[PDB]
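Consider the single chain below, provided in structure tokens and representing the form deposited in one PDB entry.
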């Protein structure tokens, strides 16, 4: 229309985009900064970066962009693109990405009385600190530091508005708790400029259904089969075969885990200790099995038990586990044959109790290793704080 064309001509008349729109060059310009979280794109522990899709709202007041409604009746608001009107230089301080702005400058709405609002969308990649302790059951606090880069305390008075979460599109992996904020001003090394800033911190809780079922559940089941060695009879030459196959089949899990675990020397993660515990329990099973096996094939008539094994593994431990354990030359020739058989029976009896001792050790170690696994798995998981709420929410 003729009024819109006319109004745009006075508005850009003698206008300098490099100038603060303050009427008096002695008072700071009040700028209201807010934030709207639309979704959490991804949280990557390896690079310790946080990708979020958010909206920004910068609102200030202009003095030269004012006009009377009566003179121009039809038009009420005007829009100016980037590079034609003064805008605040508020930007993310972290900005862990190649290009540092990440704001996608759009049109800037202008009031009928000079109140200018700016609503740019962008995808931000901030530098967060992923404290990976109690990894499946961890809560992360990520900060977003926003503030002006060239305007100090007396030039741009940065104010704060509460963050908006109307429309969040939940990720499904991380459960958002809340996004509080804070406004403060600090003194930097360069200058005597007190620089205000707005720091929005994001608190999110990691869901545990995927990690618990795909990682924690198989570990208990695989470790259970390593406990099944003591139930196999020693006759079947198969004890070490299943003893070492489970160990080989269980080292593969940290290969997946280490691909996700950041290589940070802050603290030993809970998942790292739990896997390490399974290494030792399965590893010590093979060592015990070797001791059991040599008790079976002891090659008798080559050394008797030192009389401590006859009383420990056959009287004390056994009670606990309810084991309950021309004719003259013809005669001489037959004499040797029967005596040889008699000596074979004596050797068999000596070897028989050697095998029974191995059975006692196997059964004794089964009870000892079983209670170790029960308290090791439970004890580590119980130690994690807020473990109960995650189970009560994700699982139950």
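Residue numbers count along the first chain shown, from 1. Between two forms, the rigid core is the largest collection of C-alphas that superpose within 1.5 Å.
Novice: Might you work out how many residues are unmodelled in the deposited sequence between residue 325 and residue 326, and answer none, 1 to 3, 4 to 9, or 10 or more?
Specialist: Missing in between: 10 or more residues.
Although not depicted, the form deposited in another entry is the subject of the following passage.
Novice: Could you check, with the core superposed, whether the Cα atom of residue 104 shifts 2 Å or more between the shown form and the other one?
Specialist: No, its C-alpha moves less than 2 Å.
Novice: After superposing the rigid core, is the C-alpha displacement of residue 149 2 Å or more between the shown form and the other one?
Specialist: Moves: no, less than 2 Å.
Novice: When the rigid core is used for the superposition, does residue 192 move between the shown form and the other one (threshold: C-alpha shift of 2 Å or more)?
Specialist: Comparing forms between the shown form and the other one, the residue 192 CA shifts at least 2 Å.
Novice: Taking the cut-off of 3 Å or more as given, in which direction does the distance between the C-alpha atoms of residue 147 and residue 190 change in the other entry, closer or farther?
Specialist: Farther apart, by at least 3 Å.
Novice: Given a CA distance change of at least 3 Å, are residue 262 and residue 221 closer or farther in the other entry?
Specialist: Compared with this form, residue 262 and residue 221 lie closer in the other entry.
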